[PDB]
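File shown: start-v4.txt. Contents: compact mmCIF, C-alpha atoms and all ligand atoms.
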```txt
# COMPACT_ATOMS: atom_id res chain seq x y z
CA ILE V 1 -15.33 -14.34 -14.39
CA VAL V 2 -18.17 -11.86 -13.74
CA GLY V 3 -21.55 -12.13 -15.50
CA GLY V 4 -20.64 -15.49 -16.96
CA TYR V 5 -22.04 -18.98 -16.67
CA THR V 6 -20.93 -22.38 -15.43
CA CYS V 7 -19.06 -23.95 -18.35
CA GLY V 8 -19.87 -27.58 -17.48
CA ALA V 9 -17.25 -30.11 -16.44
CA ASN V 10 -14.35 -30.46 -18.88
CA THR V 11 -16.13 -28.43 -21.63
CA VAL V 12 -12.97 -26.31 -21.89
CA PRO V 13 -10.39 -29.10 -21.97
CA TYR V 14 -7.34 -26.85 -22.70
CA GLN V 15 -8.01 -24.81 -19.52
CA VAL V 16 -5.40 -25.43 -16.80
CA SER V 17 -5.27 -24.23 -13.17
CA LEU V 18 -1.84 -23.19 -11.93
CA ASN V 19 -1.45 -24.34 -8.31
CA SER V 20 1.20 -23.34 -5.70
CA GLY V 21 -0.70 -24.72 -2.71
CA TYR V 22 -3.88 -23.07 -4.02
CA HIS V 23 -5.15 -21.96 -7.47
CA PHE V 24 -3.56 -18.58 -8.40
CA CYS V 25 -3.82 -18.29 -12.24
CA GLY V 26 -5.15 -20.02 -15.33
CA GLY V 27 -3.23 -21.18 -18.37
CA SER V 28 -3.84 -22.98 -21.67
CA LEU V 29 -2.43 -26.36 -22.83
CA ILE V 30 -0.81 -25.92 -26.26
CA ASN V 31 0.72 -29.37 -26.64
CA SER V 32 1.28 -32.39 -24.39
CA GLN V 33 4.38 -30.77 -22.79
CA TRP V 34 3.64 -27.03 -22.77
CA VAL V 35 1.28 -24.48 -21.25
CA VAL V 36 0.93 -20.79 -22.11
CA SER V 37 0.04 -18.28 -19.32
CA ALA V 38 0.65 -14.67 -18.31
CA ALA V 39 4.11 -13.52 -17.28
CA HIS V 40 2.58 -11.80 -14.28
CA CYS V 41 1.60 -15.33 -13.11
CA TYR V 42 5.27 -16.29 -12.76
CA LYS V 43 6.12 -18.10 -9.52
CA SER V 44 8.66 -20.83 -8.56
CA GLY V 45 7.23 -24.26 -7.85
CA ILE V 46 4.17 -24.32 -10.07
CA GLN V 47 2.02 -27.42 -10.36
CA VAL V 48 -0.17 -27.52 -13.45
CA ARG V 49 -3.60 -29.03 -12.92
CA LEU V 50 -5.33 -30.31 -16.04
CA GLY V 51 -8.76 -31.85 -16.47
CA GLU V 52 -10.14 -29.73 -13.60
CA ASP V 53 -13.73 -28.65 -13.07
CA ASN V 54 -14.28 -28.18 -9.32
CA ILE V 55 -10.77 -27.13 -8.21
CA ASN V 56 -11.58 -28.11 -4.57
CA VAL V 57 -12.84 -31.67 -5.22
CA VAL V 58 -11.06 -34.65 -6.88
CA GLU V 59 -13.70 -35.67 -9.46
CA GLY V 60 -11.58 -38.22 -11.37
CA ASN V 61 -10.32 -36.66 -14.62
CA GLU V 62 -7.48 -34.59 -13.21
CA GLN V 63 -3.77 -34.72 -14.02
CA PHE V 64 -1.43 -32.92 -11.67
CA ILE V 65 2.03 -32.29 -13.13
CA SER V 66 4.89 -30.23 -11.82
CA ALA V 67 6.47 -27.57 -14.04
CA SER V 68 10.06 -28.31 -15.00
CA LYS V 69 10.79 -24.84 -16.41
CA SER V 70 9.11 -21.44 -16.82
CA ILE V 71 10.13 -18.98 -19.56
CA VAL V 72 8.97 -15.44 -19.27
CA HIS V 73 8.88 -13.36 -22.46
CA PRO V 74 12.25 -11.62 -22.99
CA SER V 75 10.51 -8.23 -23.31
CA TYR V 76 8.02 -8.62 -20.45
CA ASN V 77 7.72 -5.29 -18.54
CA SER V 78 6.08 -5.83 -15.12
CA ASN V 79 5.29 -2.14 -14.76
CA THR V 80 3.14 -1.89 -17.93
CA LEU V 81 2.36 -5.57 -18.46
CA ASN V 82 3.62 -5.23 -22.04
CA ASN V 83 4.44 -8.73 -23.37
CA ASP V 84 2.46 -10.46 -20.62
CA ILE V 85 3.17 -14.03 -21.67
CA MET V 86 5.13 -16.99 -20.32
CA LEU V 87 5.55 -20.66 -21.29
CA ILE V 88 5.58 -23.46 -18.75
CA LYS V 89 7.02 -26.88 -19.57
CA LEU V 90 5.58 -29.94 -17.81
CA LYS V 91 7.95 -32.40 -16.07
CA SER V 92 6.09 -35.27 -17.78
CA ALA V 93 3.80 -35.06 -20.81
CA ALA V 94 0.08 -34.79 -20.23
CA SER V 95 -2.01 -37.77 -21.29
CA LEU V 96 -4.30 -36.21 -23.92
CA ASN V 97 -7.92 -37.27 -23.93
CA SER V 98 -11.38 -35.68 -24.36
CA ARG V 99 -11.06 -33.80 -21.05
CA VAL V 100 -7.39 -32.77 -21.44
CA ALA V 101 -6.72 -31.34 -24.90
CA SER V 102 -4.56 -28.74 -26.47
CA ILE V 103 -5.76 -25.51 -28.13
CA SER V 104 -4.40 -24.39 -31.48
CA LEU V 105 -2.25 -21.31 -31.77
CA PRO V 106 -3.40 -18.68 -34.22
CA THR V 107 -2.05 -18.40 -37.72
CA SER V 108 -3.28 -14.82 -37.87
CA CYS V 109 -4.85 -12.18 -35.64
CA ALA V 110 -8.61 -11.98 -34.99
CA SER V 111 -10.67 -8.98 -36.02
CA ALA V 112 -12.77 -6.65 -33.90
CA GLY V 113 -16.23 -8.11 -33.39
CA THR V 114 -15.11 -11.71 -33.40
CA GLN V 115 -16.76 -13.63 -30.55
CA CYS V 116 -14.46 -15.34 -28.08
CA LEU V 117 -14.71 -17.67 -25.08
CA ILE V 118 -13.04 -16.51 -21.89
CA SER V 119 -12.82 -18.89 -18.93
CA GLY V 120 -11.41 -19.22 -15.38
CA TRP V 121 -11.93 -19.71 -11.65
CA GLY V 122 -11.55 -16.06 -10.78
CA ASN V 123 -13.82 -13.83 -8.75
CA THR V 124 -17.45 -13.63 -9.93
CA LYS V 125 -18.39 -10.39 -8.11
CA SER V 126 -17.99 -6.88 -9.63
CA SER V 127 -18.09 -5.14 -6.22
CA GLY V 128 -17.44 -7.80 -3.56
CA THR V 129 -15.55 -11.11 -3.35
CA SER V 130 -16.75 -14.58 -4.28
CA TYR V 131 -14.67 -17.29 -5.85
CA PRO V 132 -16.25 -20.23 -7.65
CA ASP V 133 -15.22 -23.81 -7.20
CA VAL V 134 -16.22 -24.75 -10.76
CA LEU V 135 -14.99 -23.28 -14.07
CA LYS V 136 -16.86 -20.21 -15.32
CA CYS V 137 -17.22 -19.10 -18.95
CA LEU V 138 -17.98 -15.86 -20.77
CA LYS V 139 -18.71 -15.20 -24.40
CA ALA V 140 -17.33 -11.78 -25.36
CA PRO V 141 -16.35 -9.91 -28.53
CA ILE V 142 -13.05 -8.40 -29.42
CA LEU V 143 -13.39 -4.62 -29.11
CA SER V 144 -12.06 -2.01 -31.55
CA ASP V 145 -8.56 -0.79 -30.88
CA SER V 146 -9.91 2.77 -30.59
CA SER V 147 -12.41 1.75 -27.93
CA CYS V 148 -9.66 -0.17 -26.08
CA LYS V 149 -7.21 2.72 -26.21
CA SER V 150 -9.87 5.29 -25.22
CA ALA V 151 -10.68 3.20 -22.17
CA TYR V 152 -6.99 3.02 -21.13
CA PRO V 153 -5.21 6.05 -22.58
CA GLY V 154 -1.45 5.78 -22.52
CA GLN V 155 -1.52 2.12 -21.52
CA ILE V 156 -2.40 -0.07 -24.54
CA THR V 157 0.33 -1.43 -26.80
CA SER V 158 0.16 -3.38 -30.06
CA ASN V 159 0.66 -6.49 -27.89
CA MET V 160 -2.71 -6.01 -26.11
CA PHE V 161 -6.38 -6.05 -27.08
CA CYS V 162 -9.62 -5.48 -25.22
CA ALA V 163 -12.64 -7.80 -25.23
CA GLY V 164 -15.97 -7.59 -23.50
CA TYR V 165 -18.73 -5.05 -23.13
CA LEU V 166 -18.41 -1.29 -22.72
CA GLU V 167 -21.71 -1.29 -20.80
CA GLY V 168 -19.99 -3.44 -18.14
CA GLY V 169 -21.57 -6.35 -16.28
CA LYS V 170 -19.50 -9.09 -17.96
CA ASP V 171 -15.73 -9.52 -17.74
CA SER V 172 -12.72 -11.49 -16.51
CA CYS V 173 -11.53 -10.75 -12.96
CA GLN V 174 -8.80 -11.55 -10.31
CA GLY V 175 -7.89 -15.24 -10.47
CA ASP V 176 -8.66 -15.53 -14.16
CA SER V 177 -5.24 -14.15 -15.05
CA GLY V 178 -3.16 -16.22 -17.43
CA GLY V 179 -6.19 -18.08 -18.73
CA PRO V 180 -7.53 -18.40 -22.31
CA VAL V 181 -9.40 -16.18 -24.74
CA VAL V 182 -10.33 -18.52 -27.60
CA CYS V 183 -11.85 -17.25 -30.80
CA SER V 184 -12.81 -19.36 -33.82
CA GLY V 185 -10.93 -22.28 -32.35
CA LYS V 186 -7.61 -20.45 -31.76
CA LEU V 187 -5.98 -19.15 -28.60
CA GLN V 188 -6.01 -15.41 -29.38
CA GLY V 189 -5.74 -13.93 -25.86
CA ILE V 190 -4.38 -14.43 -22.36
CA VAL V 191 -6.20 -12.86 -19.41
CA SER V 192 -3.83 -9.99 -18.49
CA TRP V 193 -5.28 -6.94 -16.75
CA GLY V 194 -7.93 -4.24 -16.47
CA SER V 195 -9.49 -1.62 -14.19
CA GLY V 196 -11.70 -3.39 -11.71
CA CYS V 197 -14.05 -5.98 -13.16
CA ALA V 198 -17.20 -5.53 -15.25
CA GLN V 199 -17.11 -1.72 -14.86
CA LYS V 200 -18.59 0.48 -17.59
CA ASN V 201 -16.03 1.62 -20.19
CA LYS V 202 -13.33 -0.60 -18.60
CA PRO V 203 -13.21 -3.86 -20.53
CA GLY V 204 -10.70 -6.58 -19.87
CA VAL V 205 -7.22 -6.33 -21.42
CA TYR V 206 -5.66 -9.42 -22.99
CA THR V 207 -2.22 -10.37 -24.30
CA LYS V 208 -2.39 -10.50 -28.11
CA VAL V 209 -1.22 -14.10 -28.68
CA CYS V 210 -1.01 -13.80 -32.49
CA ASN V 211 2.04 -11.50 -32.10
CA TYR V 212 3.91 -14.26 -30.18
CA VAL V 213 3.41 -17.38 -32.31
CA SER V 214 6.93 -17.30 -33.79
CA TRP V 215 8.45 -16.85 -30.34
CA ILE V 216 6.31 -19.64 -28.84
CA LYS V 217 7.20 -22.16 -31.55
CA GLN V 218 10.90 -21.28 -31.57
CA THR V 219 11.09 -21.34 -27.77
CA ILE V 220 9.33 -24.69 -27.38
CA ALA V 221 11.42 -26.24 -30.17
CA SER V 222 14.62 -25.11 -28.34
CA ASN V 223 13.62 -26.14 -24.81
CA CA Z 1 -11.02 -31.28 -9.26
CL CL Z 2 2.14 0.68 -33.52
CL CL Z 3 -4.91 -11.52 -11.09
CL CL Z 4 7.55 -29.41 -28.51
```
Render the structure in this file as structure tokens.
Ligand SMILES: [Ca+2]
Ligand SMILES: [Cl-]
Ligand SMILES: [Cl-]
Ligand SMILES: [Cl-]
Amino acid sequence: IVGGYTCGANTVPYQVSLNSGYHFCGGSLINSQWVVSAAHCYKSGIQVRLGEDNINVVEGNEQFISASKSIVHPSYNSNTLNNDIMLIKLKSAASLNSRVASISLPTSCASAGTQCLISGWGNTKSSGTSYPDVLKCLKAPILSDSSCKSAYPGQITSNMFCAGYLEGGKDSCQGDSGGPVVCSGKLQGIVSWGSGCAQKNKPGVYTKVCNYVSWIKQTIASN
């Protein structure tokens, strides 16, 4: 996250770190047994790490649970990142508490201008590299579809939205991928892609979760 702020420990209790020897993506807990992330975060041998703040220090509220199964969206296209969403089932259920909590799925899509919370342990520099040990947060609005499409002509589908600031300075970045965009208490986005980080007229691009709610519920219920 670039241009953000330190969230505070466990202030984002649905935020998960996906670990394969090292943090490589975020994700969101949606019930005690299931996490939603980006399809482009797919890897074998994922360990989900819940209740994290400093991902390099055991601070005492963590739960580390191996994934038992990953399900990538049937229509995921790795070339375009269309349908950039995947579900991850935990081998044992998470123990839910104030620091490890699920986030509601949307019942409808959010409108342009709605303020959202984006979070992750990704890079905090716009033109350099520096990775934080603690969770970073950014408040950012959903952008108009016309602004999003103008920024990325030929690349935005109905399953994507932009959020952030056209002036630049504030955005998600590498290592935030797969993590949450929460608006009015609902998981509306997944950190998906963009052009650089915090560049002018290049806001972050997010998977539009509200299009996937039927698929998520049917998939979880069947697996
Ligand atoms: Ca920790
Ligand atoms: Cl359309
Ligand atoms: Cl990434
Ligand atoms: Cl379930």
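Non-sequential neighbours of residue 93 (chain V) (distance at most 12 Å, separation of 5 or more positions within a chain, all atoms listed in the file) are residues 29, 30, 31, 32, 33, 34, 35, 48, 50, 63, 64, 65, 66, 67, 68, 88, 100, 101 and 102 of chain V.
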(request) Write out as a PyMOL selection string which residues come within 12 Å of residue 54 (chain V) when counting all atoms listed in the file, dropping same-chain ones fewer than 3 positions away. (result) chain V and resi 6-10+16-17+23+49-51+57-62+120-121+131-136
(request) Find the residue from V:166, V:15, V:2, V:56 that sits nearest to ligand CA 1 (chain Z); use only C-alpha atoms and all ligand atoms when measuring. (result)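 Ranking V:166, V:15, V:2, V:56 by distance to ligand CA 1 (chain Z), first place goes to V:56.
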(request) One decimal, Å: what's the distance from CA of residue 155 (chain V) over to CA of residue 137 (chain V), could you say? (result)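 Result for CA of residue 155 (chain V) versus CA of residue 137 (chain V): 26.5 Å, one decimal.
Among V:39, V:162, V:144, V:215, the residue with the shortest atom-to-atom distance to residue 84 (chain V), counting only C-alpha atoms, is V:39.
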(request) Kindly indicate which residue among V:174, V:107, V:119, V:80 lies nearest to residue 12 (chain V), using all atoms listed in the file for the distances. (result) V:119
(message) With distances taken over only C-alpha atoms, which residue among V:115, V:47, V:37, V:92 lies nearest residue 72 (chain V)?
(response) V:37
(message) Would you compute the distance between CA of residue 143 (chain V) and CA of residue 53 (chain V)? Give it in Å to one decimal.
(response)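 That distance, rounded to one decimal, is 28.9 Å.
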(message) Using all atoms listed in the file, which residues have at least one atom no more than 10 Å from ligand CL 3 (chain Z)? Output them as JSON, numbers by chain.
(response) {"V": [24, 25, 26, 38, 40, 41, 122, 123, 172, 173, 174, 175, 176, 177, 178, 191, 192, 193, 194]}
(message) For ligand CL 2 (chain Z), return the neighbouring residues as a PyMOL selection string (distance at most 12 Å; all atoms listed in the file).
(response) chain V and resi 145+156-160
(request) Write out as a ChimeraX atom specification the residues lying within 9 Å of residue 169 (chain V), counting only C-alpha atoms and excluding same-chain residues fewer than 2 positions away. (result) /V:2-3,126,165-167,171,197-200
